[PDB]
Each structure stands twice: as structure tokens, then as C-alpha cells.
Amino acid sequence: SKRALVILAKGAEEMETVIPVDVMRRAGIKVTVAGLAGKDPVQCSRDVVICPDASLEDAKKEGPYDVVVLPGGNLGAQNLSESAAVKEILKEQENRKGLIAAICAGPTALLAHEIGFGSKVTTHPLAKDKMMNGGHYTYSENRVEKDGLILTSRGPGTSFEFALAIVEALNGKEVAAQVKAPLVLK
């Protein structure tokens, strides 16, 4: 009965959006895919078009959520970083001691909104310098990094690991293992 908010902006990495949504739903998490710009379909980085479940404005009224998830994609992460609405959502989640999960370029939105300073984080290798501007975080090359309530990961190829880490954090290791087996992961 845990709840996840996935914030979907134009230019989001569609694999990094869909893998966590799908895996979290397999884990019995109630996931809301919320469109940053509104209710309209979102054109992702490789032109996959995804229809959000709700606008972010409407989804926020239905919170709070057990996790807020930020997909990557450079242009998607920049749109998340420039959003006052995302700022408020992340600050409130941080304030209530709720989990925040971000992947690839996604964690650079944490920097933009001054979230989780002092945490160990990872990002896509190409996003490291952006994330580390100012030295506000300590960098990690782990495929998934979790420092308390800040959970980060590196890229499309770590999305399953990222998603299962979220499942483990919310629903426990046993559920994560049960969800993992039918995926045919290596």
C-alpha cells in the first residue's frame, strides 16, 4: 500500500521512466505518473510518447508519497531543475523524511533545488561534473547508491537495479526478490 510519484517531463529518458514504473507496479506499489507540464502526452528523449496518469498539480493534492522518483534524460532533468513545483515537492518530501530516488541526470535536479546536500550520490558518468559543482555531495561509482533517504543510480542500464532498490526500501527484500525472479535479469 506504498505510493510512488514519478515526475515526467519533456525529454525524460523513457527507459528510466518506464522501468521503475513497471517494476514498482509489479511490487504492488501504487504509482502515479505525473506530467510536469500538465495532463498532456510527454515526448521523451528518444521520442517515445507517454500519457501521464495525472498532471503534477493534481498528483500533488493526492500526496504525500512514500517515494518521489526523478527519471533522467538531460533535457528532462533540466526541466525538473527549472520547476518551482518540483522544488516544493522535493523540499516537502525531504522535510517529512520521505525517500527521494533519482537516476542518470535526474540527481542534478536535487542539486538545483538544494536537496540532500552532504549525501553520497551517483549519477550518469557524463553528469558527474554538473552534480559535483560546489562539492555539495560526495560522489560514488556504485551502480545504485543509497545514503539514507537519498537514492541515486547511473543510467538506463542500472534502471532495474534502481527500481528494485526502491522496492526493497518500501516493501522489503523478500518482495524485491519475488518481483525480480520473473524479470529474467542476469
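One-based numbering along the sequence shown.
- Remark: stretch with higher mean C-alpha B factor among 169 to 177 and 16 to 24 is 169 to 177.
- Taking the PDB entry as given, 54 to 62 carries the higher mean Cα B factor of the two stretches 54 to 62 and 143 to 151.
- Between the residues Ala77, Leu111, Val86, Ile100, it is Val86 that shows the highest Cα B-factor in the PDB record.
- Annotation for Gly157: CA B-factor lies in the lowest third of the chain's modelled residues.
- Per the deposited record, the Cα B-factor of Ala127 falls in the lowest third when ranked against the other modelled residues of its chain.
- Among the modelled residues of the chain, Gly106 sits in the middle third by CA temperature factor in this PDB entry.
- For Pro71, the recorded CA B-factor ranks within the lowest third of the chain. Only modelled residues enter the ranking.
- Looking at the C-alpha B-factors along this chain, the one for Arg46 belongs to the lowest third.
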